[PDB]
Every structure is written in C-alpha cells, then in structure tokens.
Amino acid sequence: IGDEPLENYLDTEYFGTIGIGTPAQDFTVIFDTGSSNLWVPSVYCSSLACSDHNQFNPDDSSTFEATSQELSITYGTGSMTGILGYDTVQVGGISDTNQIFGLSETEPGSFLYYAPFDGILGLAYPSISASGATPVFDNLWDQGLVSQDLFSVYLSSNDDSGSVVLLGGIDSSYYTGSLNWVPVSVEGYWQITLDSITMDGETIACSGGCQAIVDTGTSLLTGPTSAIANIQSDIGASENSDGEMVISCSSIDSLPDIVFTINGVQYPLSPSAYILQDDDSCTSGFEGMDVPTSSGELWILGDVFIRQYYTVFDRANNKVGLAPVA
C-alpha cells in the first residue's frame, strides 16, 4: 500500500510529488481519476508552459527507454502532445518499474503556464488511456506492487494538510460509519448513475437519473449548463467576470442541503460544502460544462463533493465506495 501525500492549494487543486528516472527527477502531478495517462514536461517542449516548469531530461536517466509511440490528450482545461518513453516512477513510496509515461512536446495554451504543477497522473480505466499506454495503477497491480486492486482518496478541507491517495488500501480512520458501494455503470471514467438531485424534497435537476463521473481532477461540481443554471438561481449566485458566480457569504447560513441520491442513498452537500469562500467573498461550487459522451452528457462530481465523502475506487469489482469523512 502506498501513501501519496497531497498538497491542498486553495481547495482547488490537490497535487503530490513523484520521481521519474535514475537518478530520480522530481515533478509534482495532479492525481486525476478523469484520465488514464501519466505525463510531465520534457526538455523537448517548446511551449511556454514548459519553460517555467520542471522538465524531464531522458539523457540524465540511466534507466530510460524510448519508444516511437506519439501521444495526444485534451482535458477540459489544457492539452499536450508528446511521445511515450519508459522508466521507474516513484509514486507513494513504491518503485513502479517499467512504467510507460508521456514526455511532452507541446502544451498549447496559457492555462497550464500558470499552474503550480508539472504533470498529470491518470487513475481511470485503461480503455480511456490515449495511445493505449498502461495506466500507473494497472502497471502496479500487474507487477504485484500493490496489495489490493483499489486505491482511495481523502481530500482535505479548508486548505488543511492531510489529503492522501492510499494505493492498494482503505484506512477507516477517514470516514464515519460504513462504505456504501455503487457499481460503475460504464467503465472508462469512474462513471456511476446519479438517481436525482433535490433541494427541499423537489428534484431540481437529474430527474429520472443522469450519468456522473467522480473526478478528482475537477475542482468544482460540474454539470450540463442548463441544469446548473437552475441550481445557481436556487441558491442566488450571479455572474461577475469569467465564471465568478458570486454569492453573498451571508447566504451560507440560510440555504438548504442539495442531496445527491446515488443507488438509493442520499449524499447531501451542506451550503458550507458547496459554497467556496475566500476570506470575505463566496462563490458557487457549481460550474456549467456540457461534456457529451456515448453514454450521455456527464455530471462531474469534483473535489467539492469528494471533500465530504472519503472515496474508494475498487478495480477488483468495478465499484466506487463512499462514506462521510471523519
């Protein structure tokens, strides 16, 4: 079981440290369950986002193996094109040997240039892995490096220390009562079926269910624009400049829980979970984002939700396990 400590930056991005190579070059990465690929900046990248960011030099690793397999990936925020090579990756105190990972050649856009992390470590299923590159957890299970075929995430609140990715195990100290398991409906993302979303008993969205992914890599709780636009009204948040659906911080103590019913069990987010507040200003935890898939237009249950529910991702049986954090 590996323990990968995570830095909670503004409750928006949780990232940890990995080493790639021999000797090991260090990089901080986002641990993303919305994707399956590991990749970091390389000395071959010309994009501006690579200049101010730690870059992987293959000519300094006695263990590196090159391949000619090119790679291309687009996220909701940012993309990269690169090439796939091979090496040891130290992640969560484990020596992942012979891991295929992406070395970037371009990271188009201004977004990532600003970001306090170098790369992305995907944790979704191999089916969505661009260029078929073996996911890290997959390569660990395959090598017998993790004791169990599950990892779990605890994401801290209020910029506190202690967020963790526990690879190969759960730790009951992080949750209250017991885990509820939900089947993955469609296996690629950790896609689970959302039964409904209510406030004060009335369905306000997702009537007759909708598809949801549990994404550690999304900050907010994102959903199909039109739906979210309602919720925003149902809590009185309004637009400021570029996505700032601003809400008065006085409102927090008046609003009601918004309940997510997944597999018959209700998972409420209180107003103090779904309103993010910096110092003296509040914002909405909900973001509109149409993400069309073959299995429907997704509802992404980001850090805003994961912050309240210790999440376990069982690959052995394709189930998500949720329980309230301690």
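In case it trips you up, residue 1 is the first one in the sequence shown, and so on. Basically, rigid core = biggest C-alpha set you can superpose within 1.5 Å across the two forms.
**Student:** Between 104 to 112 and 218 to 226, which has its CA atoms farther from the current form in 4 other deposited structures of this protein, using a rigid core superposition?
**Tutor:** Looking at 218 to 226 and 104 to 112 in 4 other deposited structures of this protein, the bigger mover is 104 to 112.
**Student:** Please indicate which stretch deviates more in 4 other deposited structures of this protein: 240 to 248 or 172 to 180, judged by C-alpha RMS distance after a core superposition?
**Tutor:** Per-stretch check in 4 other deposited structures of this protein: the more divergent one is 240 to 248.
**Student:** At least a third of the other compared entries lacking residue 278?
**Tutor:** Other entries vs residue 278: none skip it.
**Student:** Would you determine, from the values in the PDB entry, which of 249 to 257 and 79 to 87 has the greater average C-alpha temperature factor?
**Tutor:** Per the PDB record, 249 to 257.
**Student:** So 174 to 182 or 239 to 247, which one's hotter by mean CA B-factor in the entry?
**Tutor:** According to the PDB entry, the answer is 239 to 247.
**Student:** Tell me, please, which of 223, 135, 119, 93 has the highest C-alpha B factor according to the deposited entry?
**Tutor:** It is 223.
**Student:** Comparing recorded Cα B-factors across 263, 35, 69, 54, which one is largest?
**Tutor:** Largest recorded C-alpha B-factor: 69.
**Student:** Considering every modelled residue of the chain and its Cα B-factor in the PDB entry, is residue 4 in the lowest, middle or highest third?
**Tutor:** Residue 4: CA B-factor falls in the lowest third of its chain.
**Student:** By the recorded C-alpha temperature factor, relative to the other modelled residues in its chain, which third is residue 61 in?
**Tutor:** According to the entry, residue 61 has a C-alpha B-factor in the chain's middle third.
**Student:** Report the third (lowest, middle or highest) to which the CA temperature factor of residue 217 belongs, ranking only the modelled residues of the same chain.
**Tutor:** It falls in the bottom third of the chain.
**Student:** So where's residue 42 on the chain's Cα temperature factor ranking, which third?
**Tutor:** As the PDB entry reports it, the C-alpha B-factor of residue 42 lands in the lowest third of its chain.
**Student:** Classify residue 153 as lowest, middle or highest third according to the C-alpha B-factor given in the PDB entry, relative to its own chain.
**Tutor:** Answer is lowest: the recorded C-alpha B-factor places it there.
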